[PDB]
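A.B. asks: PDB, N, CA and C atoms, saved as coords.pdb, coming up:
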ATOM      1  N   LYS A   5      -0.715 -36.003 -13.935
ATOM      2  CA  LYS A   5      -1.468 -36.289 -15.154
ATOM      3  C   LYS A   5      -2.879 -35.707 -15.080
ATOM      4  N   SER A   6      -3.772 -36.421 -14.385
ATOM      5  CA  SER A   6      -5.140 -35.963 -14.152
ATOM      6  C   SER A   6      -5.201 -34.693 -13.313
ATOM      7  N   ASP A   7      -4.078 -34.281 -12.724
ATOM      8  CA  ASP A   7      -4.034 -33.292 -11.655
ATOM      9  C   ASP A   7      -4.434 -31.896 -12.113
ATOM     10  N   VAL A   8      -4.717 -31.058 -11.111
ATOM     11  CA  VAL A   8      -5.226 -29.710 -11.292
ATOM     12  C   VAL A   8      -4.369 -28.781 -10.445
ATOM     13  N   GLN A   9      -4.179 -27.570 -10.936
ATOM     14  CA  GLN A   9      -3.582 -26.498 -10.161
ATOM     15  C   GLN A   9      -4.726 -25.610  -9.697
ATOM     16  N   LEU A  10      -4.935 -25.548  -8.396
ATOM     17  CA  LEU A  10      -5.900 -24.621  -7.831
ATOM     18  C   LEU A  10      -5.147 -23.416  -7.298
ATOM     19  N   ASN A  11      -5.605 -22.235  -7.680
ATOM     20  CA  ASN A  11      -4.883 -20.995  -7.453
ATOM     21  C   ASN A  11      -5.685 -20.116  -6.506
ATOM     22  N   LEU A  12      -5.109 -19.820  -5.350
ATOM     23  CA  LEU A  12      -5.789 -19.140  -4.257
ATOM     24  C   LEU A  12      -5.186 -17.763  -4.076
ATOM     25  N   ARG A  13      -6.007 -16.734  -4.184
ATOM     26  CA  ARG A  13      -5.607 -15.433  -3.675
ATOM     27  C   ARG A  13      -5.788 -15.466  -2.168
ATOM     28  N   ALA A  14      -4.752 -15.057  -1.425
ATOM     29  CA  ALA A  14      -4.778 -15.147   0.027
ATOM     30  C   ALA A  14      -4.119 -13.930   0.662
ATOM     31  N   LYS A  15      -4.492 -13.670   1.911
ATOM     32  CA  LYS A  15      -3.881 -12.592   2.674
ATOM     33  C   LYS A  15      -2.540 -13.061   3.204
ATOM     34  N   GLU A  16      -1.560 -12.167   3.192
ATOM     35  CA  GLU A  16      -0.241 -12.591   3.622
ATOM     36  C   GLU A  16      -0.260 -13.084   5.057
ATOM     37  N   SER A  17      -1.103 -12.490   5.902
ATOM     38  CA  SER A  17      -1.296 -13.004   7.255
ATOM     39  C   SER A  17      -1.790 -14.446   7.253
ATOM     40  N   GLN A  18      -2.605 -14.826   6.268
ATOM     41  CA  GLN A  18      -3.087 -16.198   6.228
ATOM     42  C   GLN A  18      -1.986 -17.144   5.795
ATOM     43  N   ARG A  19      -1.211 -16.755   4.789
ATOM     44  CA  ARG A  19      -0.102 -17.602   4.386
ATOM     45  C   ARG A  19       0.860 -17.825   5.546
ATOM     46  N   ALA A  20       1.136 -16.776   6.320
ATOM     47  CA  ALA A  20       2.049 -16.895   7.457
ATOM     48  C   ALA A  20       1.527 -17.904   8.465
ATOM     49  N   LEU A  21       0.239 -17.795   8.808
ATOM     50  CA  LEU A  21      -0.371 -18.706   9.771
ATOM     51  C   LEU A  21      -0.275 -20.150   9.298
ATOM     52  N   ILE A  22      -0.657 -20.402   8.044
ATOM     53  CA  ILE A  22      -0.678 -21.759   7.515
ATOM     54  C   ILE A  22       0.738 -22.319   7.468
ATOM     55  N   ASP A  23       1.702 -21.479   7.101
ATOM     56  CA  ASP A  23       3.090 -21.931   7.031
ATOM     57  C   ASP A  23       3.604 -22.334   8.415
ATOM     58  N   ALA A  24       3.278 -21.553   9.453
ATOM     59  CA  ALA A  24       3.695 -21.909  10.812
ATOM     60  C   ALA A  24       3.163 -23.280  11.227
ATOM     61  N   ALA A  25       1.894 -23.573  10.913
ATOM     62  CA  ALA A  25       1.315 -24.869  11.260
ATOM     63  C   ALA A  25       1.941 -25.997  10.451
ATOM     64  N   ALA A  26       2.121 -25.785   9.149
ATOM     65  CA  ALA A  26       2.760 -26.796   8.315
ATOM     66  C   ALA A  26       4.130 -27.163   8.864
ATOM     67  N   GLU A  27       4.860 -26.169   9.372
ATOM     68  CA  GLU A  27       6.178 -26.401   9.966
ATOM     69  C   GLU A  27       6.084 -27.291  11.204
ATOM     70  N   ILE A  28       5.147 -26.987  12.095
ATOM     71  CA  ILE A  28       4.925 -27.799  13.294
ATOM     72  C   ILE A  28       4.628 -29.248  12.924
ATOM     73  N   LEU A  29       3.809 -29.460  11.899
ATOM     74  CA  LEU A  29       3.369 -30.788  11.525
ATOM     75  C   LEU A  29       4.348 -31.483  10.597
ATOM     76  N   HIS A  30       5.399 -30.795  10.167
ATOM     77  CA  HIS A  30       6.362 -31.346   9.213
ATOM     78  C   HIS A  30       5.674 -31.768   7.917
ATOM     79  N   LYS A  31       4.792 -30.898   7.414
ATOM     80  CA  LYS A  31       4.079 -31.113   6.161
ATOM     81  C   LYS A  31       4.343 -29.978   5.177
ATOM     82  N   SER A  32       4.330 -30.302   3.885
ATOM     83  CA  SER A  32       4.324 -29.243   2.886
ATOM     84  C   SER A  32       3.102 -28.368   3.095
ATOM     85  N   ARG A  33       3.214 -27.098   2.703
ATOM     86  CA  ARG A  33       2.061 -26.206   2.779
ATOM     87  C   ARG A  33       0.890 -26.772   1.990
ATOM     88  N   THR A  34       1.160 -27.323   0.811
ATOM     89  CA  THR A  34       0.071 -27.868   0.016
ATOM     90  C   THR A  34      -0.576 -29.048   0.711
ATOM     91  N   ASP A  35       0.225 -29.942   1.289
ATOM     92  CA  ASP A  35      -0.348 -31.113   1.944
ATOM     93  C   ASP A  35      -1.223 -30.692   3.119
ATOM     94  N   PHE A  36      -0.722 -29.770   3.938
ATOM     95  CA  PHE A  36      -1.511 -29.284   5.065
ATOM     96  C   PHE A  36      -2.831 -28.697   4.590
ATOM     97  N   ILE A  37      -2.789 -27.831   3.578
ATOM     98  CA  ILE A  37      -4.001 -27.142   3.141
ATOM     99  C   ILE A  37      -5.010 -28.131   2.581
ATOM    100  N   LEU A  38      -4.574 -29.014   1.677
ATOM    101  CA  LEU A  38      -5.533 -29.898   1.027
ATOM    102  C   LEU A  38      -6.088 -30.930   1.995
ATOM    103  N   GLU A  39      -5.236 -31.506   2.847
ATOM    104  CA  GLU A  39      -5.730 -32.501   3.795
ATOM    105  C   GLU A  39      -6.776 -31.880   4.725
ATOM    106  N   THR A  40      -6.495 -30.675   5.237
ATOM    107  CA  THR A  40      -7.462 -30.012   6.109
ATOM    108  C   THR A  40      -8.739 -29.666   5.356
ATOM    109  N   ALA A  41      -8.621 -29.127   4.140
ATOM    110  CA  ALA A  41      -9.821 -28.721   3.408
ATOM    111  C   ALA A  41     -10.667 -29.922   3.009
ATOM    112  N   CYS A  42     -10.045 -31.012   2.558
ATOM    113  CA  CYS A  42     -10.832 -32.183   2.177
ATOM    114  C   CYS A  42     -11.500 -32.818   3.391
ATOM    115  N   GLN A  43     -10.792 -32.869   4.514
ATOM    116  CA  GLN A  43     -11.373 -33.376   5.757
ATOM    117  C   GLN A  43     -12.617 -32.579   6.125
ATOM    118  N   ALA A  44     -12.494 -31.252   6.122
ATOM    119  CA  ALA A  44     -13.649 -30.394   6.338
ATOM    120  C   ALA A  44     -14.727 -30.640   5.291
ATOM    121  N   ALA A  45     -14.337 -30.884   4.035
ATOM    122  CA  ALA A  45     -15.349 -31.078   2.986
ATOM    123  C   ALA A  45     -16.124 -32.367   3.190
ATOM    124  N   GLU A  46     -15.441 -33.483   3.490
ATOM    125  CA  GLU A  46     -16.199 -34.703   3.743
ATOM    126  C   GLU A  46     -17.208 -34.507   4.856
ATOM    127  N   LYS A  47     -16.827 -33.795   5.905
ATOM    128  CA  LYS A  47     -17.745 -33.514   7.006
ATOM    129  C   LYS A  47     -18.957 -32.727   6.528
ATOM    130  N   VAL A  48     -18.727 -31.703   5.698
ATOM    131  CA  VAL A  48     -19.836 -30.900   5.188
ATOM    132  C   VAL A  48     -20.791 -31.773   4.390
ATOM    133  N   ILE A  49     -20.249 -32.622   3.514
ATOM    134  CA  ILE A  49     -21.107 -33.456   2.682
ATOM    135  C   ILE A  49     -21.796 -34.534   3.509
ATOM    136  N   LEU A  50     -21.085 -35.173   4.435
ATOM    137  CA  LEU A  50     -21.758 -36.198   5.227
ATOM    138  C   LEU A  50     -22.854 -35.587   6.086
ATOM    139  N   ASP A  51     -22.592 -34.400   6.655
ATOM    140  CA  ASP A  51     -23.594 -33.663   7.424
ATOM    141  C   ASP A  51     -24.890 -33.480   6.634
ATOM    142  N   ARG A  52     -24.776 -33.203   5.340
ATOM    143  CA  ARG A  52     -25.940 -32.924   4.515
ATOM    144  C   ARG A  52     -26.582 -34.189   3.959
ATOM    145  N   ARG A  53     -25.786 -35.205   3.626
ATOM    146  CA  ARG A  53     -26.305 -36.405   2.988
ATOM    147  C   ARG A  53     -26.565 -37.556   3.961
ATOM    148  N   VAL A  54     -25.999 -37.544   5.165
ATOM    149  CA  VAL A  54     -26.186 -38.690   6.052
ATOM    150  C   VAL A  54     -26.641 -38.293   7.447
ATOM    151  N   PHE A  55     -25.882 -37.442   8.120
ATOM    152  CA  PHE A  55     -26.289 -36.943   9.437
ATOM    153  C   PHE A  55     -27.315 -35.819   9.343
ATOM    154  N   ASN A  56     -28.239 -35.903   8.391
ATOM    155  CA  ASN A  56     -29.321 -34.934   8.242
ATOM    156  C   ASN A  56     -30.459 -35.380   9.144
ATOM    157  N   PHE A  57     -30.577 -34.733  10.297
ATOM    158  CA  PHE A  57     -31.628 -35.107  11.248
ATOM    159  C   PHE A  57     -32.672 -34.001  11.397
TER     160      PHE A  57
ATOM    161  N   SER B   6       0.236  -7.108   2.171
ATOM    162  CA  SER B   6      -0.257  -7.299   0.808
ATOM    163  C   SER B   6      -1.063  -8.605   0.641
ATOM    164  N   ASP B   7      -1.685  -8.767  -0.526
ATOM    165  CA  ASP B   7      -2.310 -10.023  -0.909
ATOM    166  C   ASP B   7      -1.283 -10.844  -1.674
ATOM    167  N   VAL B   8      -1.430 -12.168  -1.637
ATOM    168  CA  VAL B   8      -0.420 -13.058  -2.194
ATOM    169  C   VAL B   8      -1.111 -14.180  -2.959
ATOM    170  N   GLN B   9      -0.317 -14.957  -3.691
ATOM    171  CA  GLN B   9      -0.832 -16.009  -4.555
ATOM    172  C   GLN B   9      -0.292 -17.359  -4.105
ATOM    173  N   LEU B  10      -1.182 -18.339  -3.967
ATOM    174  CA  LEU B  10      -0.809 -19.686  -3.556
ATOM    175  C   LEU B  10      -1.194 -20.672  -4.647
ATOM    176  N   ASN B  11      -0.197 -21.319  -5.244
ATOM    177  CA  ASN B  11      -0.421 -22.403  -6.196
ATOM    178  C   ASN B  11      -0.435 -23.737  -5.467
ATOM    179  N   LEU B  12      -1.528 -24.488  -5.604
ATOM    180  CA  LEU B  12      -1.607 -25.835  -5.048
ATOM    181  C   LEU B  12      -1.843 -26.843  -6.155
ATOM    182  N   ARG B  13      -0.913 -27.768  -6.309
ATOM    183  CA  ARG B  13      -1.149 -28.936  -7.132
ATOM    184  C   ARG B  13      -2.021 -29.880  -6.327
ATOM    185  N   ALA B  14      -3.180 -30.237  -6.868
ATOM    186  CA  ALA B  14      -4.102 -31.116  -6.175
ATOM    187  C   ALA B  14      -4.568 -32.234  -7.098
ATOM    188  N   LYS B  15      -5.102 -33.287  -6.488
ATOM    189  CA  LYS B  15      -5.771 -34.365  -7.204
ATOM    190  C   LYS B  15      -7.126 -33.877  -7.713
ATOM    191  N   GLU B  16      -7.559 -34.375  -8.876
ATOM    192  CA  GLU B  16      -8.857 -33.914  -9.369
ATOM    193  C   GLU B  16      -9.989 -34.319  -8.433
ATOM    194  N   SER B  17      -9.860 -35.471  -7.768
ATOM    195  CA  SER B  17     -10.866 -35.879  -6.790
ATOM    196  C   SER B  17     -10.864 -34.965  -5.574
ATOM    197  N   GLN B  18      -9.711 -34.393  -5.237
ATOM    198  CA  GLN B  18      -9.682 -33.400  -4.173
ATOM    199  C   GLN B  18     -10.418 -32.139  -4.602
ATOM    200  N   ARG B  19     -10.122 -31.634  -5.802
ATOM    201  CA  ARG B  19     -10.799 -30.423  -6.253
ATOM    202  C   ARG B  19     -12.294 -30.644  -6.333
ATOM    203  N   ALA B  20     -12.708 -31.807  -6.842
ATOM    204  CA  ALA B  20     -14.127 -32.108  -6.950
ATOM    205  C   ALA B  20     -14.783 -32.160  -5.583
ATOM    206  N   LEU B  21     -14.092 -32.722  -4.602
ATOM    207  CA  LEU B  21     -14.665 -32.784  -3.266
ATOM    208  C   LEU B  21     -14.800 -31.391  -2.645
ATOM    209  N   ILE B  22     -13.746 -30.564  -2.722
ATOM    210  CA  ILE B  22     -13.791 -29.224  -2.129
ATOM    211  C   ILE B  22     -14.887 -28.383  -2.784
ATOM    212  N   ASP B  23     -14.978 -28.430  -4.117
ATOM    213  CA  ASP B  23     -15.992 -27.633  -4.809
ATOM    214  C   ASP B  23     -17.403 -28.040  -4.392
ATOM    215  N   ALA B  24     -17.647 -29.345  -4.219
ATOM    216  CA  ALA B  24     -18.955 -29.819  -3.774
ATOM    217  C   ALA B  24     -19.329 -29.242  -2.415
ATOM    218  N   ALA B  25     -18.388 -29.236  -1.479
ATOM    219  CA  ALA B  25     -18.694 -28.678  -0.169
ATOM    220  C   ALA B  25     -18.788 -27.160  -0.223
ATOM    221  N   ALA B  26     -17.953 -26.514  -1.045
ATOM    222  CA  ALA B  26     -18.061 -25.062  -1.220
ATOM    223  C   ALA B  26     -19.446 -24.675  -1.730
ATOM    224  N   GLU B  27     -19.957 -25.414  -2.721
ATOM    225  CA  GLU B  27     -21.299 -25.156  -3.228
ATOM    226  C   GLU B  27     -22.341 -25.309  -2.120
ATOM    227  N   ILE B  28     -22.239 -26.385  -1.330
ATOM    228  CA  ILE B  28     -23.208 -26.635  -0.262
ATOM    229  C   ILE B  28     -23.270 -25.443   0.682
ATOM    230  N   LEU B  29     -22.129 -24.862   0.996
ATOM    231  CA  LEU B  29     -22.099 -23.769   1.947
ATOM    232  C   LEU B  29     -22.264 -22.411   1.285
ATOM    233  N   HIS B  30     -22.504 -22.370  -0.022
ATOM    234  CA  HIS B  30     -22.635 -21.103  -0.735
ATOM    235  C   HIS B  30     -21.429 -20.194  -0.489
ATOM    236  N   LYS B  31     -20.237 -20.783  -0.584
ATOM    237  CA  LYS B  31     -18.989 -20.090  -0.330
ATOM    238  C   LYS B  31     -18.076 -20.267  -1.536
ATOM    239  N   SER B  32     -17.223 -19.280  -1.797
ATOM    240  CA  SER B  32     -16.241 -19.466  -2.857
ATOM    241  C   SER B  32     -15.295 -20.584  -2.463
ATOM    242  N   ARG B  33     -14.751 -21.267  -3.473
ATOM    243  CA  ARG B  33     -13.770 -22.301  -3.189
ATOM    244  C   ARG B  33     -12.618 -21.733  -2.380
ATOM    245  N   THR B  34     -12.141 -20.559  -2.774
ATOM    246  CA  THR B  34     -11.048 -19.935  -2.048
ATOM    247  C   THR B  34     -11.417 -19.687  -0.591
ATOM    248  N   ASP B  35     -12.610 -19.146  -0.327
ATOM    249  CA  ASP B  35     -12.961 -18.849   1.062
ATOM    250  C   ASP B  35     -13.091 -20.126   1.877
ATOM    251  N   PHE B  36     -13.653 -21.172   1.281
ATOM    252  CA  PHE B  36     -13.789 -22.427   2.004
ATOM    253  C   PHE B  36     -12.429 -22.979   2.377
ATOM    254  N   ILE B  37     -11.477 -22.951   1.440
ATOM    255  CA  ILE B  37     -10.191 -23.594   1.680
ATOM    256  C   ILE B  37      -9.407 -22.841   2.748
ATOM    257  N   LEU B  38      -9.333 -21.507   2.624
ATOM    258  CA  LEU B  38      -8.565 -20.692   3.560
ATOM    259  C   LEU B  38      -9.170 -20.746   4.949
ATOM    260  N   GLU B  39     -10.500 -20.657   5.043
ATOM    261  CA  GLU B  39     -11.147 -20.612   6.347
ATOM    262  C   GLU B  39     -10.916 -21.917   7.105
ATOM    263  N   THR B  40     -11.098 -23.061   6.439
ATOM    264  CA  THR B  40     -10.831 -24.330   7.118
ATOM    265  C   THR B  40      -9.346 -24.502   7.436
ATOM    266  N   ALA B  41      -8.449 -24.097   6.531
ATOM    267  CA  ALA B  41      -7.032 -24.290   6.812
ATOM    268  C   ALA B  41      -6.550 -23.344   7.909
ATOM    269  N   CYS B  42      -7.020 -22.096   7.919
ATOM    270  CA  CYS B  42      -6.633 -21.181   8.989
ATOM    271  C   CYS B  42      -7.169 -21.639  10.339
ATOM    272  N   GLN B  43      -8.415 -22.114  10.381
ATOM    273  CA  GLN B  43      -8.971 -22.656  11.622
ATOM    274  C   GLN B  43      -8.142 -23.826  12.133
ATOM    275  N   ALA B  44      -7.810 -24.769  11.250
ATOM    276  CA  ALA B  44      -6.948 -25.871  11.657
ATOM    277  C   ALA B  44      -5.582 -25.377  12.138
ATOM    278  N   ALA B  45      -4.994 -24.398  11.441
ATOM    279  CA  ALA B  45      -3.656 -23.911  11.798
ATOM    280  C   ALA B  45      -3.649 -23.269  13.177
ATOM    281  N   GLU B  46      -4.588 -22.355  13.412
ATOM    282  CA  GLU B  46      -4.805 -21.810  14.743
ATOM    283  C   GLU B  46      -4.773 -22.914  15.779
ATOM    284  N   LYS B  47      -5.597 -23.939  15.576
ATOM    285  CA  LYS B  47      -5.626 -25.064  16.499
ATOM    286  C   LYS B  47      -4.265 -25.729  16.633
ATOM    287  N   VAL B  48      -3.476 -25.781  15.563
ATOM    288  CA  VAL B  48      -2.202 -26.492  15.647
ATOM    289  C   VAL B  48      -1.195 -25.701  16.482
ATOM    290  N   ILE B  49      -1.128 -24.379  16.293
ATOM    291  CA  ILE B  49      -0.164 -23.606  17.074
ATOM    292  C   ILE B  49      -0.538 -23.571  18.550
ATOM    293  N   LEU B  50      -1.829 -23.550  18.878
ATOM    294  CA  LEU B  50      -2.196 -23.484  20.289
ATOM    295  C   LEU B  50      -1.870 -24.786  21.019
ATOM    296  N   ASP B  51      -2.084 -25.941  20.380
ATOM    297  CA  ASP B  51      -1.691 -27.203  20.999
ATOM    298  C   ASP B  51      -0.177 -27.359  21.065
ATOM    299  N   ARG B  52       0.565 -26.687  20.185
ATOM    300  CA  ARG B  52       2.014 -26.711  20.282
ATOM    301  C   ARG B  52       2.482 -25.860  21.458
ATOM    302  N   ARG B  53       1.898 -24.670  21.620
ATOM    303  CA  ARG B  53       2.296 -23.770  22.699
ATOM    304  C   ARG B  53       2.194 -24.425  24.073
ATOM    305  N   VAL B  54       1.258 -25.352  24.264
ATOM    306  CA  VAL B  54       1.196 -26.009  25.564
ATOM    307  C   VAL B  54       2.334 -27.009  25.731
ATOM    308  N   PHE B  55       2.899 -27.518  24.628
ATOM    309  CA  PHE B  55       4.038 -28.427  24.740
ATOM    310  C   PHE B  55       5.256 -27.702  25.290
ATOM    311  N   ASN B  56       5.393 -26.421  24.974
ATOM    312  CA  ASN B  56       6.478 -25.622  25.505
ATOM    313  C   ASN B  56       6.079 -25.047  26.866
TER     314      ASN B  56
END
Using the file provided, produce a representation of the structure as structure tokens.

C.D. replies:
Amino acid sequence: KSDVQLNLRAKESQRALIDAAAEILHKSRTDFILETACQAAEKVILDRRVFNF
Amino acid sequence: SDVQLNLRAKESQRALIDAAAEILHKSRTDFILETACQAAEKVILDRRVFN
């Protein structure tokens, strides 16, 4: 409903790498990508808004 | 070749990624691929030691 389609141009070598990891983790490619990117994003934002020393 | 990846995401996910992409002055695409490729690299190397 509220959802969005985010469309990524990517190098075929990158798709291959991500697919291999998703297979190891037994995750959909989308789940692997979004979980990793959001995890990295929270870190970036907390680094700037809280762990700013 | 170059390829196309469609990701269905939550709007709160897109909003979060874009906020961090802006902070780093990086395109959303570059932020997402770079973090996911870095994580993937890490995943295959920890698997290789299991074998």

A.B. asks: Determine, using all atoms listed in the file, which residues of chain A have any atom at most 5 Å from an atom of chain B, and tabulate each with its shortest atom pair and distance in Å to one decimal place, rows ordered by chain and then rising number, as a tab-separated table.

C.D. replies:
residue	atom	partner	partner_atom	distance
A:7	CA	B:16	N	4.6
A:8	C	B:14	N	4.0
A:9	CA	B:12	C	4.4
A:10	N	B:12	C	4.0
A:11	CA	B:10	C	4.6
A:12	C	B:10	N	4.0
A:13	CA	B:8	C	4.7
A:14	C	B:8	N	4.0
A:15	CA	B:7	CA	4.7
A:16	N	B:6	C	4.4

A.B. asks: Work out where the centre of an axis-aligned box around every listed atom of segment 18-32 of chain A lies and how long its edges are once 3 Å is added on each side; give both in Å to one decimal as JSON.

C.D. replies:
{"center_x": 1.6, "center_y": -23.3, "center_z": 8.1, "size_x": 15.4, "size_y": 22.9, "size_z": 16.4}

A.B. asks: Give as a list in words the residues that the PyMOL selection byres (((chain A and resi 27-31 and name CA) around 12) and name CA) matches when applied to the coordinates above.

C.D. replies: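 Output from the PyMOL selection byres (((chain A and resi 27-31 and name CA) around 12) and name CA), applied to this file: residues 20, 21, 22, 23, 24, 25, 26, 32, 33, 34, 35, 36, 37, 38, 39 and 40 of chain A; 44, 45, 46, 47, 48, 49, 50, 51, 52, 53 and 55 of chain B.
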
A.B. asks: To one decimal place, how far is atom CA of residue 45 of chain A from atom CA of residue 54 of chain B in Å?

C.D. replies: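 According to the coordinates, atom CA of residue 45 of chain A and atom CA of residue 54 of chain B are separated by 28.4 Å.
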
A.B. asks: Please report, as a PyMOL selection string, each residue of chain B to which DSSP assigns alpha helix (DSSP H) when run on this structure's backbone.

C.D. replies: chain B and resi 16-28+33-55

A.B. asks: Filtering to N, CA and C atoms, could you give me those residues as a CSV table (one decimal), in the coordinates of the input?

C.D. replies:
chain,number,residue,atom,x,y,z
B,16,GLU,N,-7.6,-34.4,-8.9
B,16,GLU,CA,-8.9,-33.9,-9.4
B,16,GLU,C,-10.0,-34.3,-8.4
B,17,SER,N,-9.9,-35.5,-7.8
B,17,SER,CA,-10.9,-35.9,-6.8
B,17,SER,C,-10.9,-35.0,-5.6
B,18,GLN,N,-9.7,-34.4,-5.2
B,18,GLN,CA,-9.7,-33.4,-4.2
B,18,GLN,C,-10.4,-32.1,-4.6
B,19,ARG,N,-10.1,-31.6,-5.8
B,19,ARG,CA,-10.8,-30.4,-6.3
B,19,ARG,C,-12.3,-30.6,-6.3
B,20,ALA,N,-12.7,-31.8,-6.8
B,20,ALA,CA,-14.1,-32.1,-7.0
B,20,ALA,C,-14.8,-32.2,-5.6
B,21,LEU,N,-14.1,-32.7,-4.6
B,21,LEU,CA,-14.7,-32.8,-3.3
B,21,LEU,C,-14.8,-31.4,-2.6
B,22,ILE,N,-13.7,-30.6,-2.7
B,22,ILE,CA,-13.8,-29.2,-2.1
B,22,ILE,C,-14.9,-28.4,-2.8
B,23,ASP,N,-15.0,-28.4,-4.1
B,23,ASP,CA,-16.0,-27.6,-4.8
B,23,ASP,C,-17.4,-28.0,-4.4
B,24,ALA,N,-17.6,-29.3,-4.2
B,24,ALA,CA,-19.0,-29.8,-3.8
B,24,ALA,C,-19.3,-29.2,-2.4
B,25,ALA,N,-18.4,-29.2,-1.5
B,25,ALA,CA,-18.7,-28.7,-0.2
B,25,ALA,C,-18.8,-27.2,-0.2
B,26,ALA,N,-18.0,-26.5,-1.0
B,26,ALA,CA,-18.1,-25.1,-1.2
B,26,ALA,C,-19.4,-24.7,-1.7
B,27,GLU,N,-20.0,-25.4,-2.7
B,27,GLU,CA,-21.3,-25.2,-3.2
B,27,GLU,C,-22.3,-25.3,-2.1
B,28,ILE,N,-22.2,-26.4,-1.3
B,28,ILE,CA,-23.2,-26.6,-0.3
B,28,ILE,C,-23.3,-25.4,0.7
B,33,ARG,N,-14.8,-21.3,-3.5
B,33,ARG,CA,-13.8,-22.3,-3.2
B,33,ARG,C,-12.6,-21.7,-2.4
B,34,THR,N,-12.1,-20.6,-2.8
B,34,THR,CA,-11.0,-19.9,-2.0
B,34,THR,C,-11.4,-19.7,-0.6
B,35,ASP,N,-12.6,-19.1,-0.3
B,35,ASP,CA,-13.0,-18.8,1.1
B,35,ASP,C,-13.1,-20.1,1.9
B,36,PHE,N,-13.7,-21.2,1.3
B,36,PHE,CA,-13.8,-22.4,2.0
B,36,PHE,C,-12.4,-23.0,2.4
B,37,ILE,N,-11.5,-23.0,1.4
B,37,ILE,CA,-10.2,-23.6,1.7
B,37,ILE,C,-9.4,-22.8,2.7
B,38,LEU,N,-9.3,-21.5,2.6
B,38,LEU,CA,-8.6,-20.7,3.6
B,38,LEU,C,-9.2,-20.7,4.9
B,39,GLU,N,-10.5,-20.7,5.0
B,39,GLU,CA,-11.1,-20.6,6.3
B,39,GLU,C,-10.9,-21.9,7.1
B,40,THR,N,-11.1,-23.1,6.4
B,40,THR,CA,-10.8,-24.3,7.1
B,40,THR,C,-9.3,-24.5,7.4
B,41,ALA,N,-8.4,-24.1,6.5
B,41,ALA,CA,-7.0,-24.3,6.8
B,41,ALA,C,-6.6,-23.3,7.9
B,42,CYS,N,-7.0,-22.1,7.9
B,42,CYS,CA,-6.6,-21.2,9.0
B,42,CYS,C,-7.2,-21.6,10.3
B,43,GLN,N,-8.4,-22.1,10.4
B,43,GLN,CA,-9.0,-22.7,11.6
B,43,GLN,C,-8.1,-23.8,12.1
B,44,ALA,N,-7.8,-24.8,11.2
B,44,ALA,CA,-6.9,-25.9,11.7
B,44,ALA,C,-5.6,-25.4,12.1
B,45,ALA,N,-5.0,-24.4,11.4
B,45,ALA,CA,-3.7,-23.9,11.8
B,45,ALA,C,-3.6,-23.3,13.2
B,46,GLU,N,-4.6,-22.4,13.4
B,46,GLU,CA,-4.8,-21.8,14.7
B,46,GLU,C,-4.8,-22.9,15.8
B,47,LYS,N,-5.6,-23.9,15.6
B,47,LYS,CA,-5.6,-25.1,16.5
B,47,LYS,C,-4.3,-25.7,16.6
B,48,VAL,N,-3.5,-25.8,15.6
B,48,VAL,CA,-2.2,-26.5,15.6
B,48,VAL,C,-1.2,-25.7,16.5
B,49,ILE,N,-1.1,-24.4,16.3
B,49,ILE,CA,-0.2,-23.6,17.1
B,49,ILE,C,-0.5,-23.6,18.6
B,50,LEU,N,-1.8,-23.6,18.9
B,50,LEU,CA,-2.2,-23.5,20.3
B,50,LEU,C,-1.9,-24.8,21.0
B,51,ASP,N,-2.1,-25.9,20.4
B,51,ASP,CA,-1.7,-27.2,21.0
B,51,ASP,C,-0.2,-27.4,21.1
B,52,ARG,N,0.6,-26.7,20.2
B,52,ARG,CA,2.0,-26.7,20.3
B,52,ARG,C,2.5,-25.9,21.5
B,53,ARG,N,1.9,-24.7,21.6
B,53,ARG,CA,2.3,-23.8,22.7
B,53,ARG,C,2.2,-24.4,24.1
B,54,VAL,N,1.3,-25.4,24.3
B,54,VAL,CA,1.2,-26.0,25.6
B,54,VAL,C,2.3,-27.0,25.7
B,55,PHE,N,2.9,-27.5,24.6
B,55,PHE,CA,4.0,-28.4,24.7
B,55,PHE,C,5.3,-27.7,25.3

A.B. asks: Grab the atom CA of residue 42 of chain A to atom CA of residue 5 of chain A distance for me, in Å with one decimal place.

C.D. replies: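 Between atom CA of residue 42 of chain A and atom CA of residue 5 of chain A the gap is 20.1 Å.
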
A.B. asks: Please report the interatomic distance between atom CA of residue 27 of chain B and atom CA of residue 49 of chain A in Å with one decimal.

C.D. replies: 10.2 Å

A.B. asks: N, CA, C and O atoms for segment 46-51 of chain B, written as a short mmCIF file (atom, residue, chain, number, x, y, z; two decimals), in the frame of the given file, could you do that?

C.D. replies:
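Final output, saved to part_36.cif:
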data_model
loop_
_atom_site.label_atom_id
_atom_site.label_comp_id
_atom_site.auth_asym_id
_atom_site.auth_seq_id
_atom_site.Cartn_x
_atom_site.Cartn_y
_atom_site.Cartn_z
N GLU B 46 -4.59 -22.36 13.41
CA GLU B 46 -4.80 -21.81 14.74
C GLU B 46 -4.77 -22.91 15.78
O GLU B 46 -4.00 -22.86 16.74
N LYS B 47 -5.60 -23.94 15.58
CA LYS B 47 -5.63 -25.06 16.50
C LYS B 47 -4.26 -25.73 16.63
O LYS B 47 -3.90 -26.17 17.72
N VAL B 48 -3.48 -25.78 15.56
CA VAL B 48 -2.20 -26.49 15.65
C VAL B 48 -1.20 -25.70 16.48
O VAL B 48 -0.48 -26.27 17.32
N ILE B 49 -1.13 -24.38 16.29
CA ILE B 49 -0.16 -23.61 17.07
C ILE B 49 -0.54 -23.57 18.55
O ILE B 49 0.35 -23.61 19.41
N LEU B 50 -1.83 -23.55 18.88
CA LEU B 50 -2.20 -23.48 20.29
C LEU B 50 -1.87 -24.79 21.02
O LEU B 50 -1.42 -24.76 22.17
N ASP B 51 -2.08 -25.94 20.38
CA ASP B 51 -1.69 -27.20 21.00
C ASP B 51 -0.18 -27.36 21.06
O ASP B 51 0.32 -28.09 21.93
#
